[PDB]
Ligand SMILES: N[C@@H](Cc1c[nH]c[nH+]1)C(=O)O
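A single chain comes next, written as structure tokens; it is the form deposited without this ligand.
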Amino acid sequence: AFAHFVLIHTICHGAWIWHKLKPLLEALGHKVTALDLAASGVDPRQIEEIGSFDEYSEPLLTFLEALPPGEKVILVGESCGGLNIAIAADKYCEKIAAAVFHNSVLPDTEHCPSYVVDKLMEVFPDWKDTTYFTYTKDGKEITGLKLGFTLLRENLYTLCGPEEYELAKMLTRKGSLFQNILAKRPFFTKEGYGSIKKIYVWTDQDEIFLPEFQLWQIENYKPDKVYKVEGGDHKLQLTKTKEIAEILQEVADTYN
């Protein structure tokens, strides 16, 4: 079977992270959309204009709204992308065949939206040369960040080629975890987000979302299906592109 995959990058990144996976899924016959989220990739907004993770998720929500009745997609989110999937599933769960988490946060419905992020900051507290700033939007002070080049080299793109790591230094932009507004956001709902099929893909060789954190998430909110990719690094769509497209073909063959 063929599916329509909507690939969702993590904070400080853009659609460009999917530049190897998107042609491979198309060579299997799938339709693929790789979005730039607010103030990400070549989106014209800057992060200081964004006041929440929901506003950050606007391109994905606008995209799902534009789907004609009866059209379903499979969402695929990397790292913070799982939170954009949860926001989207509470507005458009009927348009989501399945959601695939790719070395991603897995929000739940029994604790607040920041829960999993707070636990990530506990397991991985040192973000090395990452820099921080603050800006104000809609009454709230938000901490922005720009991922450090050594953190990028060693923990996110560990085993990626130098030309892939180069794209990250050239293209990663200022972002925000919006951790404080997620903590005060209403919980993801059991009838929206809780109802969608959830497939968790990970590698135990990920150097930032460590096995303790990822195994903690699988245990906290049981996925419908779990795939563990051997080897690679945090950016499995660059180091294990073929294995991710094989997993996504099975998901397209299982969930519609």
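Throughout, we count residues from 1 along the sequence that is shown.
One more form of this protein exists, namely the form deposited with this ligand bound; it is left out here, but the text below deals with it.
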- Query: Tell me, which of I87, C80, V116, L75 has a heavy atom within 4.5 angstroms of this ligand in the deposited bound form?
  - Reply: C80
- Item | Heavy atom within 4.5 Å of this ligand in the deposited bound form - residue from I208, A38, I196, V32 | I208
- Even though this ligand is not shown here, does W127 get within 4.5 Å of it in the deposited bound form, heavy atoms only? yes
- Is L156 a contact residue for this ligand in the deposited bound form, using a 4.5 Å heavy atom cut-off? yes
- Message: Check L236 for me: does it contact this ligand in the deposited bound form (non-hydrogen atoms, 4.5 angstroms)?
- Response: no
- Message: So in the deposited bound form, is this ligand close enough to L120 to count as touching (4.5 Å, heavy atoms)?
- Response: yes
- Name the stretch, out of 42-50, 208-216, 183-191, 59-67, where some heavy atom lies within 4.5 Å of this ligand in the deposited bound form. 208-216
- Item | Contacts with this ligand in the deposited bound form, stretch 2-17 (heavy atom within 4.5 Å) | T10, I11, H13
